[PDB]
Amino acid sequence: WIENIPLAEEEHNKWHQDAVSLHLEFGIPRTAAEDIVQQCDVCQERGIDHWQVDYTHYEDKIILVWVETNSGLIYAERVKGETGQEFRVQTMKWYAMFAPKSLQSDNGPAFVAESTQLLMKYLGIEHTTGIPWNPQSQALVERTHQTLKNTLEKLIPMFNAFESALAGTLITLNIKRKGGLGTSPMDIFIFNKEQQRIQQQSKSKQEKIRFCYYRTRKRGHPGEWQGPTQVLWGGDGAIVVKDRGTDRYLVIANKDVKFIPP
Amino acid sequence: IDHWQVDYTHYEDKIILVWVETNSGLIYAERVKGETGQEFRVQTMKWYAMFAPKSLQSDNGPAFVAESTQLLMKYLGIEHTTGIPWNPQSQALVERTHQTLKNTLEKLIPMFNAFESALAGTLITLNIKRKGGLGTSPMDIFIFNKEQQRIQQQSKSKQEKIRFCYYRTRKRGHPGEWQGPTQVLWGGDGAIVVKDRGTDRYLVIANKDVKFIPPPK
Amino acid sequence: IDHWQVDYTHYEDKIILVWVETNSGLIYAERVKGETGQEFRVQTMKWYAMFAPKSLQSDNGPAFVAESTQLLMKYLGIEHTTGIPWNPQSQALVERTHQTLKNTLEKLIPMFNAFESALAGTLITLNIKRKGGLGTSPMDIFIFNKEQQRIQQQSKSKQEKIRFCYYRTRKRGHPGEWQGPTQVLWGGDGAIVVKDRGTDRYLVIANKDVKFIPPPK
DNA sequence: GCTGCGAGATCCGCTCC
DNA sequence: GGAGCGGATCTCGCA
Ligand SMILES: [Ca+2]
Ligand SMILES: [Zn+2]
């Protein structure tokens, strides 16, 4: 946790990994990995709970597409109409069973409305609307629709309706399609939630800013007290701080820190 | 382990179907338009899409007893049993969940304006605000059970290694011949312990004079 | 034990260097011509001539920080820190000592013509007249601290006895786990003192919450 | 119609006092 | 259990 932060930072400086890879490798919190990645000047100059929504039709019926950037999870459900009210119904019914944090979409008649933004404001999940001019996004969106629509005709004859094939497509994609060590995309999502839940136990007691002094040990010589430095994250007797001089993250034991009243 | 149940409720001349879990307590709600079996079939397959059950128990229904329905449920491979449940625990859980959801939905009336939005919002509130045990949501305990069963099923991989190794000793200031092959007993940092056949004695040998070989046929 | 602090004071355009001690409480004041590095080193050497300090604290000052000063201090080989002491205890002690010495010096200025003789007489009178408790003068505490620092004392710490036991922590009547074996420190009546490995903090555990390890048979 | 060799160190396993 | 002791084993460099 606290101890391996500089190791992750220097590894990312060497190789320029991503936040998810750093989290899976060094075990650092996802927030810390995101902070490290975002602060990279080269990176400034793809993640969990990040989804994309696209519109498609088949046999003159309305269907919505929800593609997860990381877990490769696809979800769909029948939609009566493209109006704003029905669109909101589907969007928040999507949150009924999922807990995302980011979402991207294009411009549409039901995307923008006087009540659409205020409704998502209550949910609190950040959403960005823009034009996907990235060639990677263009080629990634194309394959998902073909993959989901190819499985439709493989099970039409003995299913009664199209909404019946709606669940069959999800069964074909999210249940049987497996990579790695026989891991399904839903397995990836469920496992991701496991390590995602851990950081709540730490951030629950960390929601109150504190200033503290730090002391640098050099060959067993305490030297002096230095600070003040903002406490980044807490640990079992270890505290990580930012050095103003060397611009590096340092780890100090709990026996060389005091409390400064606000 | 992975038991599910179905129950319908009537409110304001409308029918709401509820999926209930016994061991964990998952609750799901949906608005059933008509009593035709097509709606029940599509709801069941949507549930199979969004959930991975192993056992389902339910009462009798006008559309449940149909050859096509049994054929479809056997196509999905799930099991189902007929007859009214006689377990008081299941009845108590179902009644408590139904009364709680009814109370929550009737309390939440002024906040919404639409209907489908209202049902899905009630689903959100019931599935999120329900804190059981150490503040665990029903979906949270469900994913806990899934990850626990997955890790207990996959834990056998780390146990089936039984790798083989060679070893050699220093005699009269010079290295000896590569004795083996043999199966390692315990391997830690710096050295590993092995069983010798010449003297039937345990010997600890460092990593600087060993070789690692997969077990033979 | 044997904690010292060095400070400067001004009186009638005269610089006086003062050493304040915590355990013995003795004040040592001398006259310094100027707050230069070489003279500061000379004064520290004069102070070290009859005393053997172990812990020293200093405030901010240009003479305190210097490459030659730090080399000389490492020549001393004594645990000392230099910086800005914001601890209220040290500041309060030093200001109280300064106030006391300022109050006391003006009483014996007239009959003693020499300033050095006057300050020596004042400090002599203070350390021979002022007594606390049952009549404990500061040099008695100082010699007690000095005689507690015998080299032969450290070797007399293990005659025959050494034991081991477990310990469990209690939080509002709810006990914890045994935390593994740990080394004992001393055996009291009704409770014992142990050292934690995770936090390096000394704790006290009741006898009823401690499981004794039997001696080898 | 024929050819490698041993001196000088070092321990094991032994038995005997 | 201490004790020395006979012998198998090792490398290297003559040309
Ligand atoms: Ca020759
Ligand atoms: Zn980077």
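We number chain A the way Swiss-Prot does; in order, the residues shown are 1226-1270, 1283-1499.
Quick check of the header: electron microscopy, 3.5 Å.
Using N, Cα and C of the backbone, Cβ positions are placed for all residues, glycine too.
Feature annotations, courtesy of Swiss-Prot:
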- A:1447-1499: DNA-binding region (DNA_BIND)
- A:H1237, A:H1241, A:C1265, A:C1268: Zn(2+) binding site (BINDING)
- A:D1291, A:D1343, A:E1379: Mg(2+) 3 binding site (BINDING)
- A:1228-1269: zinc finger (ZN_FING)
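A straight line from the CA of A:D1291 (Mg(2+) 3 binding site) to the CA of A:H1237 (Zn(2+) binding site) spans 33 Å. For ligand 2, the nearby binding-site residues are A:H1237; that is, of A:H1237, A:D1291, A:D1343, A:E1379, these have a C-beta under 6 Å from one of its atoms. According to DSSP, A:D1291 (Mg(2+) 3 binding site) sits within a strand segment. A:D1343 (Mg(2+) 3 binding site) sits 32 Å from A:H1237 (Zn(2+) binding site), taking the Cα positions as reference.
In the structure as shown, the Cβ atom of A:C1265 (Zn(2+) binding site) sits within 10 Å of 13 other Cβ atoms. According to its DSSP assignment, A:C1265 (Zn(2+) binding site) is coil.
DSSP places the residues of the DNA-binding region (A:1447-1499) in helix, strand and coil in these numbers: 3 helix, 22 strand, 28 coil. Within 8 Å of the Cβ centroid of the Mg(2+) 3 site, not counting the listed residues A:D1291, A:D1343, A:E1379, the chain contributes A:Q1289, A:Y1292, A:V1302, A:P1369, A:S1374, A:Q1375, A:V1378, A:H1382. For A:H1237 (Zn(2+) binding site), applying a Cβ distance below 8 Å and a minimum sequence separation of six or more within one chain yields A:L1247, A:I1261, A:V1262, A:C1265. Apart from the site residues A:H1237, A:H1241, A:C1265, A:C1268, the chain places the Cβ of A:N1238, A:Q1242, A:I1261, A:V1262, A:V1267 no farther than 8 Å from the centroid of the site's Cβ atoms, the recorded Zn(2+) location.
Take the CB of A:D1291 (Mg(2+) 3 binding site) and look out to 10 A: across all protein chains shown you find 15 other CB atoms.
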